[PDB]
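Okay, structure first, notes after.
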């Protein structure tokens, strides 16, 4: 299998395990996919409390004018003051650039400061090959004089599909709420109706059962790009397709390509349940040094699944409970007492988009002393 896109990568959301890749490390233009990094700082400000969903946000000259004549996906904002939630919805659903900019100025005072924030955030995540000059994903030539100091006039943000995967993963894992927005095939923006650019959602042309994200992006340099997330066959997959080959008879090539990528993933990988909730994966105990002494049976207290290729000579060694060494009492039933780690030997690409390999907590199913 090969994808009809210049660059792409697919990962299982939870573990960040790589399922498919094609030139996933070369930084390239990502257009509006940029708004994901943007939206992460917004939720982080909502969480910190500095802003709230109903907080009124002014819309300055720069973002406001950008909407009267800038063939930049936007929506009327003649009231120049909208809710954080309203802009958030406008940003993720319609890719409105003035929505993005507005939120940025609200959070950092200026798009520039906001960019420094997104540059810092990326470095936190271990992404050190990114190029961020704006919060929208547009090309600077579209921003005239409102470009980052030092940036070139035709510069564009750049991230690798690998990098994007990380971003998408961190966002979904830390702020699952975002899905309640990207999910909507249409919403309301202070009265008028906005339409999603994601055509794989409910009631849309390129619908594919399970989808509910994440962000499209199109630019001459970025091509037809789309970050999509979905739950297929019980597994959450994050998809990044960024530069779908342009097909003349299919405006939805980026989604077709994504749908194509998922047919591969679902027929190639599956989630085999290894441990049942309440049970123990190898009469598996963890030390306590005060009461009973021998055992706590450390047990799964949710069902544990692992990604597995289908067909593979005998299978995986996720045998492994370590404890965390022999601990004091009393030990309450339910407390974490060890971890089951999957020693994955079927690494695709760099294997994982995280330096951590999957480990699931094993709980104590009895009290001691």
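With angles folded into 0 to 90 degrees, how steeply does helix 253-268 sit against the dominant principal axis of the chain? Use alpha carbons for both and round to 10.
10 degrees
Mind listing P(r) for region 1-269? All alpha-carbon pairs, 5 Å bins, whole percents.
Bins of 5 Å from zero give 1, 6, 14, 19, 21, 18, 12, 7, 2, 1, 0 percent of pairs.
What ranking do 314-322, 267-275 get when scored by the average of other Cβ atoms within 10 Å per residue, highest first?
So the peptides 314-322, 267-275, ranked by packing, come out 267-275, 314-322.
For a quick protection proxy, order the peptides 249-256, 136-143 by their average other-Cβ count within 10 Å, most packed first.
Order by mean packing, descending: 136-143, 249-256.
Mind pulling the angle between the C-alpha long axis of helix 97-108 and the longest principal axis of the chain? Nearest 10 degrees, somewhere in 0 to 90.
Tilt relative to the chain: about 70 degrees.
I'd like the orientation of helix 161-174 relative to the chain: the angle between its Cα long axis and the longest Cα principal axis, in ° from 0 to 90, rounded to 10.
70 degrees
Tell me the mean residue ellipticity at 222 nm calculated for the chain from its helices only (DSSP H runs of n ≥ 4, each -39500 (n - 2.57), averaged over every residue, nearest 500).
Only helices count here, giving -7500 deg cm²/dmol.
Fewest Cβ neighbours within 10 Å first, please rank 57, 164 accordingly.
57, 164
So basically every Cβ, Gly included, is an ideal-geometry build from the backbone, and we count neighbours across all protein chains shown. Every number in this text was worked out from the coordinates using simple rules, so none of it is lab data.
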